[PDB]
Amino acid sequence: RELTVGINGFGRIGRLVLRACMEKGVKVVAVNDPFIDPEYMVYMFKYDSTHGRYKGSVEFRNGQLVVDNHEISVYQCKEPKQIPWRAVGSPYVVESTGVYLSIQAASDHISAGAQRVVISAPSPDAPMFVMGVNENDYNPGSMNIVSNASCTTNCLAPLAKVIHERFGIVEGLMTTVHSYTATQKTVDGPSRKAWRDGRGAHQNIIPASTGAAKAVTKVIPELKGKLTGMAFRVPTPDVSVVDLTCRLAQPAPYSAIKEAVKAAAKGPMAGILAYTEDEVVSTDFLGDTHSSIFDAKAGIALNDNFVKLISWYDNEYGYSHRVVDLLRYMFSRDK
């Protein structure tokens, strides 16, 4: 009858997905996190260093989290197979722990009673979607587990779609200047799988690998072989920026680029891709719900066919809203 949502992992994304659900009237029926009990959940949800105090009521009772008088069941189980999703009636599940990324890992949610899973990160094998770019590729009859890609992919892909469709991208290389995240360390500590990521997050500019640019070629297949990139993690707690250097097939004077993006933002990519000519900086996008905000004045062209395009994204807040948008879209298709 209605979209209902379960959240596994009540972290930055989990908690802000709940905020976005409340904002968009999406019913959340349960949250699972073995490291956060109901009373502690109230505290973590209510106070946020980055996005301020929750505007509304947050309480706990009867083993439940209660937000704006909406009662939410709280589970404390460590593995998807163990979560009693059936107890709250076959919800759509957001998998936002960061550690159950494969179809096999996520499918345990379905076994445990979930109707669908949205993995809030790229997956090695789950079908990947970026709202505004390829959500139409979703087939309810054949797909119960999907990925909403990464924050960076959701920033680049809408922009790349507009630029490629208007001018043709011959080749492009991306850099994201990216806020630090929960995977990083306060001071130099162990990060066996990726040594640089262990170094103090607040002290350093840290180069990092990312598949985000290549992932864009998954949701825009015409761009296979034509995009890749990397990241720098820097000492800001939220908001990131994509820096796309691309060679274009058709001449693209910068004024034409601006008109193409502005047209997309006003029309078919409204709410996903935005456009600004203001003298903005990263904090100006705290709480912004867009996937991608094109920065007209920040970019620079060498010539009509070789340009550097700049687009902002609140990697926490924009992405969380896209998770909710994908859920709502999936539900609209699954009737």
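Residue positions are given as counts along the sequence shown, with the first one as 1.
Look at the mean CA B-factor for 281-289 and for 33-41 in the entry; the higher one is 33-41. Comparing 255-263 with 196-204, the higher mean C-alpha B-factor in the PDB entry belongs to 255-263. Among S147, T97, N154, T181, the highest C-alpha B-factor in the deposited entry belongs to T97. Taking the deposited Cα B-factors for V242, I220, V234, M131, the highest one is held by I220.
In the deposited entry, the Cα temperature factor of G14 places it in the middle third of its chain's modelled residues. Remark: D304 belongs to the middle third of its chain, ranked by C-alpha B-factor as recorded.
Placement of the Cα temperature factor of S107 within the chain: highest third of the modelled residues, per the deposited record. Per the deposited record, the Cα B-factor of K185 falls in the lowest third when ranked against the other modelled residues of its chain. Ranked by C-alpha B-factor against the other modelled residues of its chain, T276 falls in the middle third.
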